[PDB]
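Single-letter residue listing:
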Amino acid sequence: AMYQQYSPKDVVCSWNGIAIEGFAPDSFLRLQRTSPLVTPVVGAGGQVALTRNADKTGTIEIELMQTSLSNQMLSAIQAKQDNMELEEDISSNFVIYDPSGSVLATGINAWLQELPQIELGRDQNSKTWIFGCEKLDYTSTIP
Amino acid sequence: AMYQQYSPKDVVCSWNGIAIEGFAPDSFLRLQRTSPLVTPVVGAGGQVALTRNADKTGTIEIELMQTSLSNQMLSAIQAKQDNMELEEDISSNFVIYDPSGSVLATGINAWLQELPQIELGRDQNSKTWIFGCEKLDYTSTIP
Amino acid sequence: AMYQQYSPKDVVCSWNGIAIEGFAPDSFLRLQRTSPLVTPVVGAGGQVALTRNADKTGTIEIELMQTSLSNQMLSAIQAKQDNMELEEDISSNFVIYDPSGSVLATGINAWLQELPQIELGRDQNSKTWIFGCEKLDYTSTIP
Amino acid sequence: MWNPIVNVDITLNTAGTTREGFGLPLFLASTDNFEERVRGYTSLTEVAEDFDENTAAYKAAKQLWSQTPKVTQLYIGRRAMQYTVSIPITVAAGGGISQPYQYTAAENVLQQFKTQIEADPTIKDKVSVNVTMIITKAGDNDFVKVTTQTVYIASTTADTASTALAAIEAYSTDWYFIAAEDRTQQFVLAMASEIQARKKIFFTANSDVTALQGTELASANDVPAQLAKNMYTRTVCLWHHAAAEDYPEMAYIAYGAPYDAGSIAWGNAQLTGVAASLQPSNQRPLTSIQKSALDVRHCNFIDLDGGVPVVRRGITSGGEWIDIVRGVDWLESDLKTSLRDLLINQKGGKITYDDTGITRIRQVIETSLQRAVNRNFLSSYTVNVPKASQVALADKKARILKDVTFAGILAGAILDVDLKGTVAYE
Amino acid sequence: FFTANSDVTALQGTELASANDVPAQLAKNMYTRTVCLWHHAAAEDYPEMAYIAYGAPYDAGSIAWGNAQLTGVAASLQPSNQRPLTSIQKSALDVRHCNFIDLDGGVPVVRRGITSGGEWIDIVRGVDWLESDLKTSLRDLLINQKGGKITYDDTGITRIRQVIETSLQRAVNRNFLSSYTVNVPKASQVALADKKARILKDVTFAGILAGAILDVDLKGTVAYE
Amino acid sequence: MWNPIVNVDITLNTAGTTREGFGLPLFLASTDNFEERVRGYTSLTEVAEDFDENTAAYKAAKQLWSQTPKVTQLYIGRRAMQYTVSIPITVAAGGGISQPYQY
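Residues numbered from 1 in each chain as written, not as in the entry; some residues may be left out. Chains lettered and ligands numbered in written order. Part of a larger assembly, values for the part shown. Heavy atoms only, no water.

For this deposited structure, the header cites cryo-EM as the method used and 3.17 Å as the resolution.

(A) Molecular detail of the overall build of chain D. Tallying secondary structure elements over chain D gives eleven helices and 19 strands in all. The principal-axis extent of the C-alpha atoms belonging to chain D is close to 90 × 80 × 70 Å. Each of the 426 residues in chain D was classed as buried or not, and the buried ones make up 46%. With the model as given, the accessible surface of chain D reaches about 20,900 Å², and the carbon-plus-sulfur share is 51%. Computing the positive centroid from 39 side-chain charges and the negative centroid from 46, chain D places the two 7 Å apart. (Helix = DSSP H or I, 4+ residues; strand = E, 2+ residues; numbered from the N terminus. Buried < 20%, exposed > 50% of the residue type's maximum accessible area, 1.4 Å probe, protein only. Areas by Shrake-Rupley, 256 points an atom, 1.4 Å probe, with all protein chains shown as cover. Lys, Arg positive; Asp, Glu negative; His and termini not counted. Charge placed at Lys NZ, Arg CZ, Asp CG, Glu CD.)

(B) Inspection of the packing of helix α4 (residues 161-169) of chain D against helix α5 (residues 185-195) of chain D at higher detail. All names here are of chain D. The N-to-C vectors of α4 and α5 enclose an angle of 50 degrees; their axes lie 8 Å apart at closest approach. In this view, α4 runs oblique relative to α5, as classed from their interaxial angle. Where α4 approaches α5, its residues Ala 161, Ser 162 and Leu 165 are matched on the opposing element by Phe 187, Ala 190, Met 191, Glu 194 and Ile 195. By residue class, the composition of the contact of α4 with α5 is six nonpolar, one polar and one charged. (Axes fitted to C-alpha atoms, helices over the stretch in contact; angles between N-to-C directions. Parallel < 35°, antiparallel > 145°, perpendicular 65-115°, else oblique. Contact = heavy atoms within 4.5 Å. Nonpolar A, V, L, I, M, F, W, Y, C, P; charged D, E, K, R; others polar.)

(C) Focus on the sheet that holds strand β5 (residues 74-78) of chain D. Residues and elements named next belong to chain D. Taken together, six strands build an open sheet; the order of strands is β3-β5-β2-β13-β14-β15 and the sheet is mixed. The open sheet has two edge strands, β3 (38-41) and β15 (235-239), and neither has a second partner. Strand-to-strand, the axes of this sheet are offset by a mean angle of 25 degrees, without reference to chain direction. With four bridges joining them, β3 and β5 adopt antiparallel strand pairing. Bridging from a neighbouring strand, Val 38 pairs with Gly 77 of β5. (Pairing = 2+ DSSP bridges.)

(D) Just the interface of chain E and chain D, in detail. Taken together, the 32 residues of chain E in the interface contact 35 residues of chain D. Counting each side, the surface lost to burial between chain E and chain D is near 3,300 Å², with a carbon and sulfur contribution of 59%. The interface formed by chain E and chain D holds three salt bridges in total. Taking the shortest distance from any N to any O, the salt bridge between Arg340(D) and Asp104(E) comes out at 2.1 Å. (Buried area = accessible area lost by both parts, 1.4 Å probe. Salt bridge = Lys/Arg side-chain N within 4 Å of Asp/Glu carboxyl O.)

(E) Geometry of the interface of chain C and chain A. On the side of chain A, seven residues touch chain C, which itself brings eight residues to the contact. Ranking the residues of chain C by area buried against chain A places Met2(C), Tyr3(C) and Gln5(C) at the top, with a combined share of 57%. Remark: the boundary between chain C and chain A carries zero salt bridges. For the pair chain C and chain A, the interface holds three residue pairs in polar contact. (Polar contact = N/O pair within 3.5 Å; in protein donor to acceptor, adjacent residues only side chain to side chain.)

(F) Molecular detail of the packing of helix α9 (residues 322-343) of chain D against helix α10 (residues 355-374) of chain D. Residues and elements named next belong to chain D. Interaxial distance between α9 and α10 falls to 10 Å at its minimum, and their mutual angle equals 145 degrees. The hand of the α9/α10 crossing is right-handed. Between α9 and α10, the residues in contact are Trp 330, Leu 331, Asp 334, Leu 335, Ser 338, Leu 339 and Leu 342 and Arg 360, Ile 361, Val 364, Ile 365, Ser 368, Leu 369, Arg 371 and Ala 372, respectively. The class makeup of the residues in the contact of α9 with α10 is ten nonpolar, two polar and three charged. (Left-handed = near helix turned anticlockwise from the far one by under 90°.)

(G) Highlighting the packing of aromatic side chains. Summed over all chains, the structure comprises 24 aromatic pairs over all chains. For the ring pair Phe23(B) and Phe28(B), a centre distance of 4.4 Å and an interplane angle of 5 degrees mean the geometry is stacked. The two residues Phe23(B) and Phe28(B) agree in class, both being buried. Here the aromatic cluster, defined as three or more aromatic residues joined through ring pairs, consists of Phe22(D), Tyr176(D), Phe177(D), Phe203(D), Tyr252(D), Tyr255(D) and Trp266(D). The ring of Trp120(E) carries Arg399(D) above its face, with NZ or CZ at 4.7 Å from the centroid. Across the ring face of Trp129(E), the terminal group of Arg174(E) is positioned such that the distance to the ring centre comes to 3.9 Å. (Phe/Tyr/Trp six-rings, centres within 6.5 Å; stacked < 30°, edge-to-face > 60°. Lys NZ or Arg CZ within 6 Å of the ring centre and 35° of its normal.)

(H) Spotlight on the sheet that holds strand β2 (residues 18-20) of chain A. Judged by pairing direction, the sheet is antiparallel, and its eight strands sit side by side in the order β2(A)-β1(A)-β7(A)-β8(A)-β9(A)-β6(A)-β3(A)-β9(B) without closing on themselves. Unpaired on one side and paired on the other, β2 of chain A together with β9 (118-120) of chain B mark the two borders of the sheet. Strand-to-strand, the axes of this sheet are offset by a mean angle of 30 degrees, without reference to chain direction. Relative to strand β7 (residues 92-97) of chain A, strand β1 (residues 12-15) of chain A is paired through three bridges, and the arrangement is antiparallel. Each residue of the ladder has a partner; that of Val12(A), found in β7(A), is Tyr97(A).

See the structure below:
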């Protein structure tokens, strides 16, 4: 037997009600936790006690093509959020749909954290957008 | 004469009662001690005295394919352990079976320490899971 | 064997009927006795006699995040106690619940002693509240 | 119903805490106060309802719960009974079937009763009658009682140790310690022989004065000497003068029952409210010669260090410490539970008969042995398993795995000290 | 055919030759397609359906029906005193190839899960599914020739070989089988009666089964040395 | 028969490992305890059944299994025997044929 087949074409990302499209040629998505699950402590005599970290935030980096139209939407969304009172909410779930199940995480209460760097040359350079999340939840299809 | 032949096919890893399968193309397993065995101290006159460290913990890094089914099992196991009281035990022996004897260590009272980073591109990227252990025991077949 | 695992998530503090939440990133709780248990006296000839101090008061310092909602509750509680007759009681037991048993003390007849200092910058600064207690009792689970 | 917003039931009775450990006690007594062959209780109050203060089945329970912390539960078994009638009635059977009988004004009266019983179509088939008169079991009946002043009644145990033990095991298998009311030489030896073929421990007491003399085990023939000669490693014998009609075995059981298996030492035990072993003739603590005589028989006793009674050594009749036996039994139980949990819960999959499936079993065996190593019961261990490429095909069709083995090493403890010194001006 | 039983005469006697209750008669006839379960509550209750539902929802040939855990079903109890069966009665059921609900010590589990003929239920169900899959795949090939032919020459025979091999590989992927072989006739040596009847014969194949583990035997020692 | 789902036979006797190599030992002794001219054993326990502790055929086997690792198997041969009678009976033959005699 062989495992399920991966297909970049059938990967869809969404946030704030819009769909993000125009993935870059390579490495168009990254997910990572901020801190590890456990932190061991070893005494001078060799005894071990475990600390279970409570932090569960993370980061979602999505990278797009230079002339993708999704760049305009994110800039337009960012411009709106700068003119909103602190009481108004700016976070939304970052949902990734992948029929192959190669992505195991979803972003709970994600926010926009950084803007892309812009570079120009003879060829096209990608643009990286960075997001945060209150809790990067890892789930699976229960065997 | 020539030494025994190595065979990746006949290597099996197990932990928490499940079998971990779907090794990555390269470097699918790593074992290492946290501290050295001895630490010399040299005085201004050249005398030497040896300190024998009591720490014996270690780390076991196992790396799997992007779409391997063993990724779901570990996520499902991790999700359960987050909803358990501190009094309940979460450690188990990490047993590696290798008929060639190229692996000399076993993990005593190992725990899950970190979750894999997720990246996507045109091709398939591996996923790294990291474990700890109270005592990374090195054994051998007595000559 | 290894000792019990510490977990900041499962630590709960309570006083005056309210629950105090929103611990700071580091060092969110401190407990200390005011005076030592014994005070030796040595004569000119070398003889020793021991004095057993009767004081058993202490201090409990709990530190919270800048925008934690528990800051409002404590300010509201303090405002009430300023408009109460001296005959009315203002002390209450400070109870700390910790399933790992890393905290060995409880505050008997604790009172609010100091208010936090407020500082603002580019980032978030914590706020420290200080309490007293008639008797900082050290207890243990009898072996 | 209406419940108060806050309900507070304050009382003045002080209470203590219980604890849970490996094994539960069972007391096998001659009784007819209930129909079931085994019945459980959780406190002395419940025991007092079924039994009176003067029965041994009540003394045994009273001794058990004197120690602290308490044992969670206690079981009581029922032995078979035979009843006898004479001239210086009512007959009951399993299921509450009761029939009275009467004749009015000895062999003639006994035969009248026998004829009335054998004529009754409701209860006769569940009992048997014979001529004094004797009434015993019959058919499926497991319970029978006779009660009633011109007629006299008696009772006596009517079964051997083997039969009673088998009949009680065929009802309830949840018990580890077993003690008995009967203290005759034959029953004790039979029960000791039976328990040896099982993973249980049999606690018994003794007060035979012939045990306190003679250091040669070859010539001695009292009960402790016979137990020692047979190497019954699963029998614990305690010497105590008050063993005539009192049961300190239960106090000794409760001393260590509440705690975890393989992590304690049963020697130098302190029992609350239990006096030392006294010579019956003059009520004075045993001399060292009598203690040695008990020692050669592997029989325990209550010693005085000078002001405090303490049970000494705590060894079985076979010479093996109680701690080792109980720890080994717990280890077996833990292995059995862990592998059972692995094999079950495969609800939709398989454990294939290849090296991948065998390594998974290796993992659980190693984890279950590490659990024992953590207690400081063992110190090291090893495991060996067969290769899936060399298993006989008969096993693959039977779906069973064989040839698994392991080894362990024990830790030990300290119970006595030897000391020497000197004093001088220099 | 799933059935239950509560005949107390089945719990005694280890010689199958002398026994004549229903399970013994089923075993004597080697009815490999009959599953018999012993349960006291089989008088007017139907645990057979719970046992069926335990494994019905899953794929064929990829599970084991032994050591099954059923929700809400109690163990097999002796009718006379409502106590779990003794080992002798379990052996008496065992010699009859009759199933039962055992207690590992705190949990009820149906044991073995074999038919009256001794064959595991898994093998029977997997073989039936394999036959059905072959039947569907070849049917899909033969149909859908809507405007063409499958000529009676080696070119047409190899096309059937291909689908048979694919359908057996589908079973190998489940870990039901482990290896297989296929043989087909040459078109140059087929009798002309078959060519007029438009039918293909003499196709055969073989397979090998995988297996599973259900019990464990263990020995060990303890010492100071 | 009914077998437990998990069977565990723990014991307290320490045990050692054997090994296999080239050649097996044979001990030629004067004996009459069995009819076959050669009989094999795998442990000292089996040897103790046929022979008593004071026979050389038992001492030889006891010496062999003192070393570690053990030898897998040991053979014992039987020499021909002649018997003598005097005045300070039962006669047996191959196949269990026995006949008593008396005067």
